[PDB]
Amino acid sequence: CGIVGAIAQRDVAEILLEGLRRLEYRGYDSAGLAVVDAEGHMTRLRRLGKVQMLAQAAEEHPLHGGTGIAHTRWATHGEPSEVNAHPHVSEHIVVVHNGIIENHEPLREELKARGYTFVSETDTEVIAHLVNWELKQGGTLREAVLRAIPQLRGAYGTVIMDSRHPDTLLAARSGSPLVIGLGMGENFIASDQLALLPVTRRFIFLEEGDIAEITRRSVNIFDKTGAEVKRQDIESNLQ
C-alpha cells in the first residue's frame, strides 16, 4: 500500500518511519522496514499492526544505515501476519511491493525448482527470489532487474535493494505509482509525494514502464529495453 525508500549518507530509518506515518491514512494491516549500513549489514523489522507499533519496536533497535525501504501493507496475497509483511528478502535481495504479481504461481514454481524456499504466502516474495535468480546469472542489480521485470505480470510498483551493495536502489513502476524525491547528496522514493515532503520538495514522477536506478548522487531512468529516458524534475507546491 505505501512505499518509502531512501538512499542517503545519514541514517534514514526515522525518515522512512515518518514517510510511513504519512501513508497510513490510506489504511493497512501491517508495516515493515529494512535498512542497510555502508558495510552491508541489514536490519529488517516488521509488525503485524500499525506503524506506531513498528516505530516503538524501532526505538529499541536504533537501526543504523543510510539505505532503506519501508512499506505499509494492505494484504491481497497471504493473510496479514508478520511473516507476510514487507520487506521480503531473498538472501541479500530486499523488496517492497505495491500491487499484485498476477503470475506469481508459475513463477513461484520455477523458483522452487531453482532451489528457493518460499517462507511467505505473498506474490511479493516471488520478486525477491527472481531478482536473486537473475542476479546469479551475472551483471549489476540494474541489469538483473531489467531481466526480471518483463517476467512479471500485473499492476505493481516495487523498490529493490541488494544489501551487499547498499549504494543503489532499483525501482520499477508498472501499474502502481512511484515518485523520486531529489535531495542534496541523497535521494528518496515513495508511492506518494506526500511521504517525502519533510525532506524534499523536488520530485521526478516515474512513468509507466520506467525502471530507475537511484543512488545518493544520481537518478538514471530506463525503459524495459534498457533505453535511457529523460524525466523532468518539478518542484512541488504542496504542504
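So that there is no doubt, residue numbering starts at 1 and follows the sequence shown.
| task | State which stretch shows the higher mean Cα B factor in the entry: 54-62 or 174-182. | result | Averaging CA B-factors over each stretch, the winner is 54-62.
| request: Check the entry's C-alpha temperature factors for 128-136 and 157-165, then say which stretch has the higher mean. | output: That would be 128-136.
| Among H86, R114, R142, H92, which carries the highest Cα B-factor? | Of the options given, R114 has the highest CA B-factor in the PDB entry.
| query | Where does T225 sit by CA temperature factor within its chain: lowest, middle or highest third? | reply | Highest third of the chain for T225's C-alpha B-factor.
| Ranked against its chain, the third holding the CA B-factor of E14 | Bottom third by C-alpha B-factor.
| message | Which third, lowest, middle or highest, does the C-alpha temperature factor of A38 belong to within its own chain? | response | As the PDB entry reports it, the C-alpha B-factor of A38 lands in the highest third of its chain.
| field | Third assignment of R47 from its chain's C-alpha B-factors | value | Its C-alpha B-factor, which the entry lists for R47, ranks in the middle third among residues of this chain.
| C-alpha B factor of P198, ranked within the chain: lowest, middle or highest third? | It belongs to the highest third of the chain when residues are ordered by C-alpha B-factor.
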